[PDB]
Amino acid sequence: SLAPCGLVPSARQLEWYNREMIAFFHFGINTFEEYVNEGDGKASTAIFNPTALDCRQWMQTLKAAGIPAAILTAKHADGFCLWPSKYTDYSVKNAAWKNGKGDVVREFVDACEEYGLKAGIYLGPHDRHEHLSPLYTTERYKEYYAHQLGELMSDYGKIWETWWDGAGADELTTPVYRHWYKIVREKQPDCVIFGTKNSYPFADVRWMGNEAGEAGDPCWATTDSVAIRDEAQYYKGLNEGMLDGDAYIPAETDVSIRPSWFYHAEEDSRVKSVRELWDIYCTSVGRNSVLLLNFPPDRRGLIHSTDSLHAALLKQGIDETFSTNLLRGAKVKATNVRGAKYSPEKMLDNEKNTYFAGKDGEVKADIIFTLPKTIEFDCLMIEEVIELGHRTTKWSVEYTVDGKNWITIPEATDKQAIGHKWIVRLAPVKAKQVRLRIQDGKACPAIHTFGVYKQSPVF
Ligand SMILES: CC(C)S[C@@H]1O[C@H](CO)[C@H](O)[C@H](O)[C@H]1O
């Protein structure tokens, strides 16, 4: 069989990559303040009062959108806790909501379980509320957070992601996070950790340097762990990563479907269009990353219908786009073929476990797909066998109509990364043959999938 090349993903990282999309839910005391996205920790707990909370309605939105996981803000930097923790009074325990007898996190994980969605927790490292205590020290806070982490990792079922926002967290040192890490890893062994700054040695996935929904081109799963730590001076190290990076810590791309992270009625006219979301999908999922897309629940405790509709149409457009691989039915010829078991046709078979592979030592390959009828396409996708590491580092796609003139596709010329998935949109071409050029790499190519497609009219 093939041996892996360089650093490889863990089982958690594979599971995570396979989600492709994750939902964020920013919900809390901010929602009940007027135009606030970052709370000071001084709002009265009494104002938290969703009129008819319905997390099931959130899950129905995610079903409609094709999204298999969700992360809730159990506590944002304002420090207000959405579950009745035994370790603070600054929580739903003292809200007007349900006379202080509610538990949003409970309703969230119960709804996730009922709909078969993976649940995840955002629990803010920087806590502005705790900072207001004249008795605050980093060491006491470390124990405070650990107790709360212990509640959320013990009493709320299986947790698939823990999110550590690096905003305001520079005071928190590595031994602090180590303590937190052991609790998470021991109680929830499958839980992916989104690690920032001083949490770097414990991170399963990294930030990619912006909140616009654009991972780098290229975007390597690998990078130097120091890039995560010294976040502010390594934008490209996070956004693009490094082929010779010392750690396998792939990029998770986060973006709100609205201008703000929290809900504001004024932004109902500002929800990202289906086309914007499609661009974002292509610059995240389509760039060897994973898209974490925020839907902020409102004061009733519902997801707004424009947010729902646009996410649902994105899903519809994706399904139509990629339902027919227009290369299927082709006659396939390739140089550098490891064997029949790894024939280039495996790129076209829609099977989970098969792939095209080259011969050891040989990093280049040329694969020509000759089509029964001339086709028209404006999109292409390629997927590497990531269990075997980043192998190919330069690739291009070409076509011809007359059989003699190979024409380049400008958008798909001298690309570098493949990884989990790379998507390229291009001006519409007609073609009788399509050539896939694997031009360079660290090891022989190993490719699960290759296809060309016609983008949905929805886009
Ligand atoms: C400048 C702001 C984006 S702060 C930024 O937020 C990111 C999440 O989007 C990560 O949590 C970073 O660690 C944090 O510094």
# chains A, B, ... in the order shown; residues from 1 in each chain; ligands from 1
$ closest_atom_pairs --of "chain A" --to "ligand 1" --cutoff "9 Å" --atoms "only C-alpha atoms and all ligand atoms" --output "CSV"
residue,atom,partner,partner_atom_place_in_ligand_line,distance
A:163,CA,ligand 1,11 (O),8.5
A:164,CA,ligand 1,11 (O),6.6
A:165,CA,ligand 1,11 (O),3.6
A:166,CA,ligand 1,13 (O),3.2
A:167,CA,ligand 1,15 (O),4.2
A:168,CA,ligand 1,15 (O),7.2
A:169,CA,ligand 1,15 (O),8.0
A:170,CA,ligand 1,15 (O),9.0
A:194,CA,ligand 1,11 (O),8.7
A:195,CA,ligand 1,13 (O),7.9
A:196,CA,ligand 1,13 (O),4.8
A:197,CA,ligand 1,13 (O),6.3
A:206,CA,ligand 1,10 (C),8.7
A:207,CA,ligand 1,10 (C),5.9
A:208,CA,ligand 1,9 (O),8.2
A:209,CA,ligand 1,7 (C),7.1
A:210,CA,ligand 1,3 (C),6.2
A:211,CA,ligand 1,9 (O),5.4
A:228,CA,ligand 1,13 (O),8.2
A:231,CA,ligand 1,13 (O),7.1
A:232,CA,ligand 1,15 (O),7.7
A:253,CA,ligand 1,9 (O),8.1
A:254,CA,ligand 1,9 (O),6.0
A:255,CA,ligand 1,9 (O),7.6
$ select_by_dssp --residues "segment 178-214 of chain A" --states "strand (DSSP E or B)" --output "NGL selection string"
:A and (192-194 or 205-206)
$ select_by_dssp --residues "segment 28-270 of chain A" --states "helix (DSSP H, G or I)" --output "count of residues only"
97
$ atom_distance --atom1 "atom CA of residue 324 of chain A" --atom2 "atom CA of residue 416 of chain A"
25.4 Å
$ closest_atom_pairs --of "segment 282-365 of chain A" --to "segment 447-454 of chain A" --cutoff "12 Å" --atoms "only C-alpha atoms" --output "JSON lines"
{"residue": "A:317", "atom": "CA", "partner": "A:454", "partner_atom": "CA", "distance": 10.5}
{"residue": "A:318", "atom": "CA", "partner": "A:454", "partner_atom": "CA", "distance": 10.4}
{"residue": "A:319", "atom": "CA", "partner": "A:454", "partner_atom": "CA", "distance": 11.2}
{"residue": "A:320", "atom": "CA", "partner": "A:454", "partner_atom": "CA", "distance": 8.5}
{"residue": "A:321", "atom": "CA", "partner": "A:454", "partner_atom": "CA", "distance": 5.7}
{"residue": "A:322", "atom": "CA", "partner": "A:453", "partner_atom": "CA", "distance": 6.3}
{"residue": "A:323", "atom": "CA", "partner": "A:453", "partner_atom": "CA", "distance": 8.5}
{"residue": "A:324", "atom": "CA", "partner": "A:453", "partner_atom": "CA", "distance": 6.8}
{"residue": "A:325", "atom": "CA", "partner": "A:451", "partner_atom": "CA", "distance": 5.3}
{"residue": "A:326", "atom": "CA", "partner": "A:452", "partner_atom": "CA", "distance": 5.6}
{"residue": "A:327", "atom": "CA", "partner": "A:451", "partner_atom": "CA", "distance": 5.9}
{"residue": "A:328", "atom": "CA", "partner": "A:451", "partner_atom": "CA", "distance": 8.2}
{"residue": "A:329", "atom": "CA", "partner": "A:451", "partner_atom": "CA", "distance": 11.7}
{"residue": "A:330", "atom": "CA", "partner": "A:451", "partner_atom": "CA", "distance": 11.1}
{"residue": "A:337", "atom": "CA", "partner": "A:447", "partner_atom": "CA", "distance": 11.6}
{"residue": "A:338", "atom": "CA", "partner": "A:447", "partner_atom": "CA", "distance": 12.0}
{"residue": "A:342", "atom": "CA", "partner": "A:447", "partner_atom": "CA", "distance": 9.3}
{"residue": "A:343", "atom": "CA", "partner": "A:447", "partner_atom": "CA", "distance": 10.3}
{"residue": "A:344", "atom": "CA", "partner": "A:447", "partner_atom": "CA", "distance": 8.6}
{"residue": "A:345", "atom": "CA", "partner": "A:449", "partner_atom": "CA", "distance": 9.5}
{"residue": "A:346", "atom": "CA", "partner": "A:448", "partner_atom": "CA", "distance": 7.0}
{"residue": "A:347", "atom": "CA", "partner": "A:449", "partner_atom": "CA", "distance": 4.2}
{"residue": "A:348", "atom": "CA", "partner": "A:449", "partner_atom": "CA", "distance": 6.3}
{"residue": "A:349", "atom": "CA", "partner": "A:449", "partner_atom": "CA", "distance": 8.2}
{"residue": "A:350", "atom": "CA", "partner": "A:449", "partner_atom": "CA", "distance": 7.6}
{"residue": "A:351", "atom": "CA", "partner": "A:448", "partner_atom": "CA", "distance": 8.4}
{"residue": "A:352", "atom": "CA", "partner": "A:448", "partner_atom": "CA", "distance": 7.9}
{"residue": "A:353", "atom": "CA", "partner": "A:448", "partner_atom": "CA", "distance": 7.8}
{"residue": "A:354", "atom": "CA", "partner": "A:448", "partner_atom": "CA", "distance": 6.3}
{"residue": "A:355", "atom": "CA", "partner": "A:448", "partner_atom": "CA", "distance": 4.3}
{"residue": "A:356", "atom": "CA", "partner": "A:447", "partner_atom": "CA", "distance": 5.1}
{"residue": "A:357", "atom": "CA", "partner": "A:447", "partner_atom": "CA", "distance": 6.4}
{"residue": "A:358", "atom": "CA", "partner": "A:447", "partner_atom": "CA", "distance": 9.2}
{"residue": "A:365", "atom": "CA", "partner": "A:447", "partner_atom": "CA", "distance": 11.3}
$ residues_around --residues "segment 309-311 of chain A" --least-positions-apart "6" --cutoff "7 Å" --atoms "only C-alpha atoms" --output "PyMOL selection string"
chain A and resi 65+273-274
$ residues_around --residues "residue 181 of chain A" --least-positions-apart "3" --cutoff "12 Å" --atoms "only C-alpha atoms" --output "ChimeraX atom specification"
/A:142,145-146,149-150,153,162-164,174-178,184-189,191-195,198-204
$ write_last_selection --atoms "C-alpha atoms" --output "tab-separated table (two decimals), in the first residue's frame"
chain	number	residue	atom	x	y	z
A	142	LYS	CA	-8.49	28.92	35.74
A	145	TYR	CA	-13.46	27.90	34.04
A	146	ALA	CA	-12.39	24.31	34.76
A	149	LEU	CA	-15.92	23.12	31.62
A	150	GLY	CA	-16.45	20.07	33.82
A	153	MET	CA	-18.31	18.20	29.33
A	162	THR	CA	-15.01	22.98	22.05
A	163	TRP	CA	-14.34	26.51	20.79
A	164	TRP	CA	-11.70	28.76	22.33
A	174	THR	CA	-0.32	27.47	28.20
A	175	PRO	CA	-0.53	25.69	31.61
A	176	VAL	CA	-4.02	27.22	32.01
A	177	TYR	CA	-5.19	25.68	28.73
A	178	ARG	CA	-3.39	22.41	29.50
A	184	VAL	CA	-12.01	17.99	27.60
A	185	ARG	CA	-9.85	15.14	26.30
A	186	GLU	CA	-10.67	12.83	29.23
A	187	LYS	CA	-14.41	13.48	29.26
A	188	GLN	CA	-14.88	13.87	25.51
A	189	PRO	CA	-12.25	11.98	23.46
A	191	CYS	CA	-14.23	16.46	20.76
A	192	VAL	CA	-12.45	18.73	18.30
A	193	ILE	CA	-10.70	21.70	19.92
A	194	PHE	CA	-10.61	25.00	18.04
A	195	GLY	CA	-7.45	26.38	19.60
A	198	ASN	CA	-1.56	30.01	24.01
A	199	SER	CA	-3.78	26.98	23.53
A	200	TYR	CA	-1.60	26.15	20.49
A	201	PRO	CA	-0.22	22.82	21.72
A	202	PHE	CA	-3.75	21.48	22.28
A	203	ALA	CA	-5.51	22.71	19.12
A	204	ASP	CA	-7.06	20.23	16.66
$ atom_distance --atom1 "atom CA of residue 87 of chain A" --atom2 "atom CA of residue 130 of chain A"
11.4 Å
$ residues_around --residues "residue 89 of chain A" --least-positions-apart "2" --cutoff "12 Å" --atoms "only C-alpha atoms" --output "PyMOL selection string"
chain A and resi 44-46+79-87+91-95+100+129-130
$ closest_residue --among "A:245, A:125, A:296, A:301" --to "residue 226 of chain A" --atoms "only C-alpha atoms"
A:245
